[PDB]
Amino acid sequence: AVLX
Amino acid sequence: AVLX
Amino acid sequence: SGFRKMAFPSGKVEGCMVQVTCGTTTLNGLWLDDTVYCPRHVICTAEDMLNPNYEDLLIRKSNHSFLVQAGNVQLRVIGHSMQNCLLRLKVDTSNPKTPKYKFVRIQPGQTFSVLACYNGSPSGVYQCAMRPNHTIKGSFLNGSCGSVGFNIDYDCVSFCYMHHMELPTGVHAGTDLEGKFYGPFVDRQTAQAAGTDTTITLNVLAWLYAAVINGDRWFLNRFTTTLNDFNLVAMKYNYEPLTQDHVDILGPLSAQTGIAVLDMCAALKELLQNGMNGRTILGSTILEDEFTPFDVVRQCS
Amino acid sequence: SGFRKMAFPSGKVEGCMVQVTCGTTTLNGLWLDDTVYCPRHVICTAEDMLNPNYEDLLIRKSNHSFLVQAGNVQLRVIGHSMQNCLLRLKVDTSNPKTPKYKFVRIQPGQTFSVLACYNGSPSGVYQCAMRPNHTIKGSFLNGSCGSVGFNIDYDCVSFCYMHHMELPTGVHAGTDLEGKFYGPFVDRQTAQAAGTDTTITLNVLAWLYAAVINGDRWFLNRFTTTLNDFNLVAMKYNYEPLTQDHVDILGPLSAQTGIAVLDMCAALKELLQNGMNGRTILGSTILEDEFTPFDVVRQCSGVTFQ
């Protein structure tokens, strides 16, 4: 997952 | 047409 | 990631909305500096609506006959005049919430956000496109007239639409902020019909670029086409003809995806001829045409 | 007439959006009175994000290390702490634009508006639903974390979502305004995946009621179904099981149109097994699941907000  |  | 039918944030416009009442008729108005703009048909009664003469009706009014309210508070009208299908009311105080703004007339195929209002109060905001036949597929109940359509760039609001009418097919008609109608419609309650609509080809291509940018790719193919071959097909399906200017506009998205515009056109050509067959693109089972190239670039950066 | 998915007017929320920056990490914050809320992962620069010990990583930070920006104005941070996955900054100025508000945790299926922000600048607004699998299908780029979702009731903003991350499938995950994630998700750049999702049956039924309210009623039939028989069919099409609680929620829409919920369920069942056959419903070729029963009432009733 990408911390946006 | 209806004036809205 | 993701792709949504996105509207501009509506706050700067919310602070401009007011209520304009004449006798038993209430509509929304737009309050910028010391002027309130609203549709002129605010001065019509039931009887006056089949065939009003706004010059007659207007001359029979004074400043005092217009009830303008910002929220619960009444604004003193000290002036009035007509500019095409709009009424302009001068009031004796300025809207401190007035944004940097301008009035612009948009072209069919372009998009804008609508702040739907009733009694001067915001209800919702949605994004839409000006159809090629000059109508909007809006969501408007009784009393929504005077609601405005707009775009925002930096901190500047470009007002492009004010709502006036609903046509018998249930689509919507209005003017720019000089009171000039989009399309050959007039502000009277006679049967008026919209021209046959058509699909905004340029936007459909932009939306297919958006699809590709978000991983939806099945519709692409090895083929390419020429402008003329593409047009001969799209026109069979009631798609607007595509021009070189439109091809040029798709350039940046072309570069970003590594798909040539005419390659994307061939993809679209096969879609029109073969249908989608159960499949979806960005969640849709039909080709979306209410996103411009600039919209796609903005959202998919 | 017409029927559109609409966002709430976002002005009241726009007035609360600020910019929060730690080092080279810039994201958005929510300024209410003298507190700024934002994702705690703002404190992470570079690859800290793999398996951050936020508790300790935070202990090192000082107040002056947070650059909070509202318009052209830098807000002085005079306090900071963690609440679950949110950072809480206390600033020396209570936000003059603070609307009446409320923090709520919403249920799967429920809808809300999202004000997408970058560098503290509101950029776009759209309506969406909390999916049954606890994600949202949003549209967010880099720097959008801290963007919030919300509803409006009369004059009160109910904040219900703050954005934290994008999952491998391109969908999104985040927290309530207490910092507690929706779903089993955690805020680290490890491998996490969304569960299989289902169609929000309650909302489809609401929308079918919307269609009927708007005179779009060709799909209605003279039959009914039991709840169990409906679910047996609908679950094969990947629809959420329909409960008696859901049936009761549709009560007001059922009363208004005079159509019993199970009679409508029979319409929906026939629609699933047979398709539309070229026809449309509220102009859509697809069965819509992002309008709640309440959304339908609010819109068909011209509800406004003060």
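Legend: calculated FRET efficiency, D:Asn277 to C:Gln83, from the Cβ-Cβ distance at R0 = 35 Å, rounded to 0.05, equals 0.10. Under 5 Å from the amide H of C:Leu250 lies no amide H of any residue 5 or more positions distant or on a separate chain, with H modelled from the backbone and absent for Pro and chain starts.
Mean partner shielding of peptide C:138-146, defined as the number of other chain Cβ atoms within 10 Å of each residue Cβ, is 4. Both radii were evaluated on the Cα set of the stretch D:198-301; the Rg over Rh quotient, with Rh as the Kirkwood radius, amounts to 0.91. Largest first, the extents of the alpha carbon coordinates of the stretch C:135-258 on the three principal axes equal 52, 39, 25 Å.
Based on other C-beta atoms within 10 Å, arrange C:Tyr237, D:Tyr126 from fewest to most.
On the way: C:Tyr237 15, D:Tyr126 24.
The fewest-first ordering by Cβ neighbours comes to C:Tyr237, D:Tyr126.
Residues of the stretch D:102-116 with an amide N closer than 16 Å to a point placed 7 Å from the Cα of D:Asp245 along the Cα-to-Cβ direction: D:105-111.
If only the Cβ of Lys and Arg carry +1 and only the Cβ of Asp and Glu carry -1, the dipole of the stretch C:42-185 around its Cα centre is close to 280 debye. Measuring from a point 7 Å past the Cα of D:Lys61 along Cα-to-C-beta, which residues in the stretch D:180-198 have an amide N at less than 20 Å? In the stretch D:180-198, the label zone of D:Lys61 (backbone N under 20 Å from the point 7 Å along Cα→Cβ) covers D:180-182, D:186-190. In summary, the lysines within cross-link reach of C:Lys61, defined as a Cα separation below 17 angstrom excluding same-chain residues under 8 places away, comprise C:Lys90.
Assigning unit charges at the beta carbon (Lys, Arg +1; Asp, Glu -1) and nothing else, what dipole magnitude in debye, to the nearest 20, does the stretch C:150-196 show about its Cα centre? Please list the in-between numbers first.
On the way: 2 positive and 6 negative charges, 55 e Å.
I would put it at about 260 debye.
Fewest-first ordering of D:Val13, C:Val186 by other beta carbons within 10 Å of each residue's beta carbon gives C:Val186, D:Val13. Taking Cβ atoms as reference points and 15 Å as the exclusive limit, the residues near C:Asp34 contribute a net charge of +2, counting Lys and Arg as +1 and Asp and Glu as -1.
Between C:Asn142 and C:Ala193, what FRET efficiency follows from the Cβ-Cβ distance if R0 is 30 Å, with the result rounded to 0.05? Between C:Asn142 and C:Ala193 the formula returns 0.90.
Note on C:249-259: average number of Cβ atoms from other chains within 10 Å of each residue's Cβ is 0.
As a footprinting exposure proxy, order D:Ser1, C:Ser123, D:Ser147, C:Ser94 by other Cβ within 10 Å, with the fewest listed first.
On the way: D:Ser1 16, C:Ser123 25, D:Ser147 30, C:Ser94 12.
Going from least to most buried by this count: C:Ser94, D:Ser1, C:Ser123, D:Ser147.
For C:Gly29, the residues 5 or more places off, or on other chains, whose built amide H falls under 5 Å of its own are C:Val18, C:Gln19, C:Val20.
Put a plus charge on the Cβ of each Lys and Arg, a minus charge on the Cβ of each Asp and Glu, and nothing anywhere else: the dipole of chain D about its Cα centre is then about 360 debye.
3J(HN,Hα) along the stretch D:177-185: 7, 9, x, 8, 3, 7, x, x, 6 Hz, from the Karplus curve 6.51 cos²θ - 1.76 cosθ + 1.60 with θ = phi - 60°, whole Hz, x for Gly and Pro. Comparing C:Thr224, C:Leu58, C:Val73 along the charge dipole axis of chain C, the residue lying farthest to the positive side is C:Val73, per the Cβ-charge model. Couplings 3J(HN,Hα) for the stretch C:78-94, derived from phi with the Karplus relation 6.51 cos²θ - 1.76 cosθ + 1.60 (θ = phi - 60°), are 10, x, 8, 7, 10, 10, 6, 8, 9, 9, 10, 10, 7, 10, 8, 8, 9 Hz, where x marks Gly and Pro. Taking the dipole about the Cα centre of chain D, with the C-beta of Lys and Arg at +1 and of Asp and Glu at -1, give me whichever of D:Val20, D:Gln83, D:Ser254 is farthest to the positive side. After comparing all options, I get D:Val20. Where the alpha-carbon atoms of the protein assembly as shown are placed on the principal axes, they occupy 76, 59, 56 Å, in descending order.
Stick to the Cα atoms of chain D, pair each with every other, and give me the Kirkwood hydrodynamic radius in Å at one decimal. Please report the intermediate quantities before stating the final value.
Details: mean 1/r = 0.0479 Å⁻¹.
Answer for chain D: a Kirkwood hydrodynamic radius of 20.9 Å.
Of interest is the spacing of the C-alpha centroids, which for the stretch C:188-207 and the stretch C:51-84 amounts to 33 Å.
Within the listed set C:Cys156, C:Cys117, C:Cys128, the residue fluctuating most in the Gaussian network model of chain C (springs between alpha-carbon atoms under 10 angstrom) is C:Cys156. For the stretch C:15-99, the mean projected area of the C-alpha convex hull, equal to one quarter of the hull surface, is 5.3 nm². Annotation: amide H of D:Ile152 within the under-5 Å range of D:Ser158, sequence separation 5 or more or interchain, hydrogens built in the peptide plane.
In sequence order, the stretch C:127-139 has phi-based couplings of 9, 8, 10, 5, 3, x, 8, 6, 8, 10, 8, x, 10 Hz under the Karplus curve 6.51 cos²θ - 1.76 cosθ + 1.60, θ = phi - 60°, and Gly or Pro positions carry x. Against the empirical 2.2 N^0.38 Å (N residues), the stretch D:57-182 has a Cα radius of gyration ratio of 1.10. Distance between the C-alpha centres of the stretch C:133-155 and the stretch C:96-129: 5 Å, rounded to the whole angstrom. Inter-chain Cβ neighbour count for C:9-16, averaged per residue, equals 6 (cutoff 10 Å, partner chain atoms only).
Positions of Cβ are backbone-derived with ideal geometry, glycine not excepted, and every protein chain shown enters the neighbour counts. None of the figures in this text is laboratory data; all of them are computed from the coordinates on show.
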